[PDB]
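**Q** Residue numbers (the entry's author numbering), protein chains in the order written: chain D, 3 to 114; chain d, 4 to 56; chain T, 2 to 144; chain K, 1 to 96; chain U, 15 to 120; chain Z, 36 to 105; chain P, 8 to 130; chain S, 2 to 146.
Beta carbons: idealized from backbone N, C-alpha and C, even for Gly.
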Amino acid sequence: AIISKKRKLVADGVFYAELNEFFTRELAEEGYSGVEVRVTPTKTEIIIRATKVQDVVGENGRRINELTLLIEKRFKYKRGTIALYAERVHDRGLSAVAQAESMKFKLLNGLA
Amino acid sequence: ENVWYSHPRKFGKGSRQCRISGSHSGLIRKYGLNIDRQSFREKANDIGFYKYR
Amino acid sequence: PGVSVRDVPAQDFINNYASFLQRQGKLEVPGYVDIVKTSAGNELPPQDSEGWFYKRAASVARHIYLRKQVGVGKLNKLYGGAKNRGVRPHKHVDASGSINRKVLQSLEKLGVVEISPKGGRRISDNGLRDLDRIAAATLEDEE
Amino acid sequence: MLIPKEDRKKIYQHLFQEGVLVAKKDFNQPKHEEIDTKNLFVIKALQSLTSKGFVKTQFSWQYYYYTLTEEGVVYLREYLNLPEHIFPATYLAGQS
Amino acid sequence: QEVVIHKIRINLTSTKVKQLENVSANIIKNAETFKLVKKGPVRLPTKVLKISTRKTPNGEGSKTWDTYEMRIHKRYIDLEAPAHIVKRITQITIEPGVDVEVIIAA
Amino acid sequence: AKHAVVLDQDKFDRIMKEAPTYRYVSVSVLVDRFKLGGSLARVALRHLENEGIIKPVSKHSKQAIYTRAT
Amino acid sequence: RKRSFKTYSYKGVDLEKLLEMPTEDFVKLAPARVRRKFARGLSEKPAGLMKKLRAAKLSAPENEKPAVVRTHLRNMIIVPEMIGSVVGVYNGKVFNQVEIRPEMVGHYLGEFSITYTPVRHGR
Amino acid sequence: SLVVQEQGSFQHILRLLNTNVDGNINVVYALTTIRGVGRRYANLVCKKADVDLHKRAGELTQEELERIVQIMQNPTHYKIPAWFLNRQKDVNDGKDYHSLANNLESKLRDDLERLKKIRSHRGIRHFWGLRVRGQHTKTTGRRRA
RNA sequence: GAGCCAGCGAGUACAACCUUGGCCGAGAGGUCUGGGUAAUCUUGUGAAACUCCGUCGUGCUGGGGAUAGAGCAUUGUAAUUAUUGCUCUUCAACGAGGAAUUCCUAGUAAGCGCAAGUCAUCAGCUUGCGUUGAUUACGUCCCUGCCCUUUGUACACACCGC
Ligand SMILES: [Mg+2]
Ligand SMILES: [Mg+2]
Ligand SMILES: [Mg+2]
Ligand SMILES: [Mg+2]
């Protein structure tokens, strides 16, 4: 902690990007679209927009918990200071990333 | 397990890898990015960097 | 009316100061006189050779008077210029630092320059008076 | 692969404690974060585990990520001894 | 009983500008409500982070460039106000995007 | 070398004879009327400006324009 | 006769002192680069090779050359301890035999080998 | 400052250190013209002598010339720092020295010979008739000695 | 010698960043000390080209600075196949460049330096920046390219065609 403000910002951005990439990689089955990061004091809110919200969740805190743990491991945080949430997307068709993902899935399956 | 498996790679092209590819080619080390330029370009918008002028 | 240091056209003032110094014969010699370049880029020592040093000192004093608080590196920067570095283009490299320091020391000894807080040096009262006198003289000459 | 078995055991224990593992993609690194073993060794172990099912691996951004499946968890338990109603991150510790 | 004014600077750094402005406004409103002596929202020079990059990966074709840039917006709100009040302020008025931060020590 | 650098009493005398005449005296003008070379010419000019004879117009380094009294 | 042609040497005096002055002295009486090198951390440079050289010197036939000591460390400087012994300076191919003399003193081992084969056609 | 009055004409071209000191011009310039003295060094010498740099100085005095010669000969005896020189630090354990004429040339030759004997990379390059100080002759300088 | 004015920037705490200010050193560069995570300190980055007074005057000259030799420095584990800097010395070609051909229309051209980028160390490079700041058009299809239209076509992998 304690760096040049600009530098800090850049770092944060990089972290966000990394997170996004991870989500893209990992939550393919779940149909992930995008992340929303809110860095308040103490807690940090990581909101996730995916299609299969239930899938993302697991069975009342499992997959999400694991993800959180992984994040903590990556970025030297403690338990409590990261808070994941898996939310629905308001209109999937308006989103582009989601659509792309769907298309990819279809291709994988083997469709015209 | 072997003793000598390390030249001193403190500094230079060899030490400074990127975050994504782990390359030593076109490495943006400005503002502590540490990103091969192509990679940065691919993600720049997500990392807050936008084209204006 | 009111006599001031600025009314004199610079170069003239400097010359006057140099003359005064010469008359005094008590600015004190460094030891490197004409076995010295004056800047790291100057393929020829001072053409005046004997003297010159006094003039430089005067200039330094004037600069100090002008500014709030000045040091050695800054002075060097002010002084230095372009190296005819070769077939390569010109950089800016700073002037003779040691020489500058010596000059400063001499000034201090005289009672021109005074040590300031924060950093560097400012001006003494006697020095100021001397400067004023010089300015007056210059004005008279002009008249 | 050539592991002093104690180290391996330690690694396994750590994994169990976690319910997860995050490694670098950095060979030549003398010792891992948290565990007092070589990172390379840990990575190798993880790879081995993956090869016999158990672990799920992601290689993103010079960071290997690892999570245990039910079968994997069971295997780990067997390796250890610990019977039932235990740590990992399959369920919460209390309220968090 | 206390009324111990430590003299507290709130920094407000961000990329998104409108949001930052809104936050500042909110802060000002809060201050007004609490009725304190404060210097108004001082705005510092917008530091721009420039990354010039050859558009190409392979450096083949014409030599075209892309100046990608980041705008940093940095504001200061200097409160001549107590500790408790400062704490309260910190507690209420937090938005996403803006980096709320307190110096506290004059 | 093209000569006109050698210094003499006779030469000096001829130079003197005379400051009077010529609309303007410029180092350049002096050389080459085939007189003493550059520096020498400058020196001569300076001398001429001691006590009247040739008064100045400009005063710059190398662009030193002087003219006859009075 | 008295003085043999002229002294083969570094900065002043004669040979008799060169051979018996060890390393520090040499450094003191050497160029700037050499001094700098000496100042920096010496580990593996003057250690094994030197020993080998010494051994060679010990176990020579007397009058004839010592054994050829092969060398990668072409970065090393010719100090006076091993004047006379033959060193095989490495050039990727070949440990090129370099004979150390009273004049080769205070120069690099690598600058007596030449890695490339020099240009032909027209000099 | 002053035009040379009086008869003048005191020797066009003087001979000094087995080389041609040119008449008129200036002492420094003359020194430079000698095979081995340069500009700054020449200036220094002049300063030591105590002659004006403004004077053309082919009408120099004999004593002055002698003094100059002496200066050229000896670095250490006079006030010359002894790291301002052409050569410095040479033979086994000893002193810094330099020449300035024919002498200088001889010294240079000797140095070259020594280099050749050593068979150092530089020496080798010299022998070849090539580029000692590692400048790239892939494009540049296509004629050579 | 003296005068002496910019704008883009960038810059470290797990490292070793920018580094003023003080002393040593002709320099380079050393040292002690700071200030700065930065409209705060470096930094008014008192950058150059410029302006003033003097020295050489149109001579391969004090223009020009190459190749050279030596030493002094620094970066790094390692500097010879000079990393770079500095100090002295050497003084080569070149008196505005043929056939050709590039760039340019206003704060432009050209000059001038700075600046970050790469970077342990190296700028003749580069992306920017400001400083100084013109000449000549403000047209045309002569050339060059490109575009259309009408024409002709044994071409359609399309003139490197058939
Ligand atoms: Mg020039
Ligand atoms: Mg500022
Ligand atoms: Mg010349
Ligand atoms: Mg380049």
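#1: Measure the CB-CB distance between T/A96 and T/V9 and report whether it falls below 8 Å.
#2: At what residues does the alpha helix (DSSP H) containing T/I135 begin and finish?
#3: If you scan the segment 58–102 of chain Z from start to end, which runs of the alpha helix (DSSP H) of 4 or more residues do you find wholly inside it?
#4: Using DSSP's beta-bridge definition, name the partner residues of P/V105.
#5: Name, please, each residue of chain U whose Cβ falls closer than 9 Å to the Cβ of d/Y8.
#6: Alpha carbons only, please: which of Z/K97, Z/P55 and Z/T56 is nearest the one belonging to Z/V78?
#7: Any heavy atom of ligand 1 closer than 7 Å to the beta-carbon of T/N85?
#8: Are the beta-carbon atoms belonging to residue 164 of chain T and T/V61 less than 8 Å from one another?
#9: Go ahead and label U/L58 buried or exposed: buried means 16 or more other beta carbons lie within 10 angstroms of its beta carbon, across all protein chains shown.
#10: Would you give the residue range spanned by the alpha helix (DSSP H) that T/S60 belongs to?
#11: So, helix, strand or coil for P/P29, using DSSP?
#12: Any Cβ of chain Z within less than 8 Å of the Cβ of S/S100?
#13: Going by CA-CA distance only, name the one from d/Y53, d/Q41 and d/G15 that's closest to d/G29.
#14: Only counting the same chain, and skipping five residues up and downstream in sequence, which positions put a Cβ closer than 6 Å to that of U/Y82?
#15: Taking a Cβ distance cut-off of 8 Å, strictly less, list which residues of the segment 67–92 of chain D are near chain K, in chain order.
#16: Cβ of S/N103 less than 8 Å from any chain Z Cβ?
#17: Just how far apart, CA to CA, sit T/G82 and S/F128?
#18: Tell me, please, which residues DSSP counts as bridged to D/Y34.
#19: So d/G25 contacts chain K; which residues on that side make the cut at Cβ distance below 8 Å?
#20: Please list, in chain order, all residues of the same chain as T/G42 whose beta carbon is under 8 Å from its beta carbon, the five residues on each side excluded.
#21: In chain order, what residues of the same chain have a beta carbon less than 7 Å from the beta carbon of P/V94, not counting five sequence neighbours either side?
#22: Please check the pair d/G25 and K/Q62, which I expect to be a contact at CB under 8 Å, by giving their CB distance rounded to whole angstroms.
#23: Considering only their Cβ atoms, is the gap separating U/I24 from U/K61 smaller than 8 Å?
#24: State the Cα-Cα distance for the pair S/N87 and P/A63, rounded to the nearest angstrom.
#25: Would you mind giving the Cβ-Cβ distance between S/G24 and S/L15, rounded to the nearest angstrom? I have them listed as a contact below 8 Å.
#26: Rounding to the nearest angstrom, what Cα-Cα distance links K/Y12 and D/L21 in this structure?
#27: Residues of chain K with CB under 9 Å from d/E4, in chain order?
#28: Cβ closer than 7 Å: which chain d residues qualify as neighbours of U/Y90?
#29: Does the beta-carbon of d/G15 have 16 or more other beta-carbons within 10 angstroms, so that it is buried, or is it exposed?
#30: Roughly how far, in whole angstroms, is the beta-carbon of S/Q6 from the beta-carbon of Z/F47, given that I think they are within contact range, below 8 Å?
#31: Going straight from the alpha carbon of D/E47 to that of D/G82, what length do you get?
#32: So Z/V40 and Z/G72 are in contact, right, with Cβ under 8 Å, and what is the actual spacing, rounded?
#33: For T/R7 and T/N17, what's the separation of their Cα atoms in angstroms?
#34: I'd like the list of long-range same chain contacts for Z/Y57, defined as Cβ closer than 6 Å, with 5 residues on each side in sequence excluded.
#35: Flag this pair as yes or no: are the beta carbons of K/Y64 and K/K25 separated by less than 8 Å?
#36: Would you mind reading off the limits of the beta strand (DSSP E) that contains S/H127?
**A** From the atom records:
#1: no
#2: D126 to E143
#3: 62–65 and 73–83
#4: P/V94
#5: Those within 9 Å of d/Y8 in chain U number zero; the least Cβ separation is about 33 Å.
#6: Z/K97
#7: yes
#8: Here chain T comprises residues numbered 2 to 144, so residue 164 of chain T is not present and cannot be evaluated.
#9: exposed
#10: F54 to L67
#11: helix
#12: no
#13: d/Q41
#14: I65
#15: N67, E68, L71, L72, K75, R76, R81 and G82
#16: no
#17: 41 Å
#18: D/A52
#19: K25 and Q62
#20: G81, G82, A83, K84, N85, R86 and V94
#21: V76, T78, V105, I107 and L116
#22: 6 Å
#23: no
#24: 41 Å
#25: 7 Å
#26: 27 Å
#27: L2
#28: Going along chain d, no residue has its Cβ under 7 Å from U/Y90, so there is no contact; the nearest lies around 22 Å.
#29: exposed
#30: 6 Å
#31: 10 Å
#32: 4 Å
#33: 14 Å
#34: none
#35: yes
#36: Looking at the DSSP string, S/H127 is not in any beta strand (DSSP E); the run it does join, the alpha helix (DSSP H), is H122 to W129.
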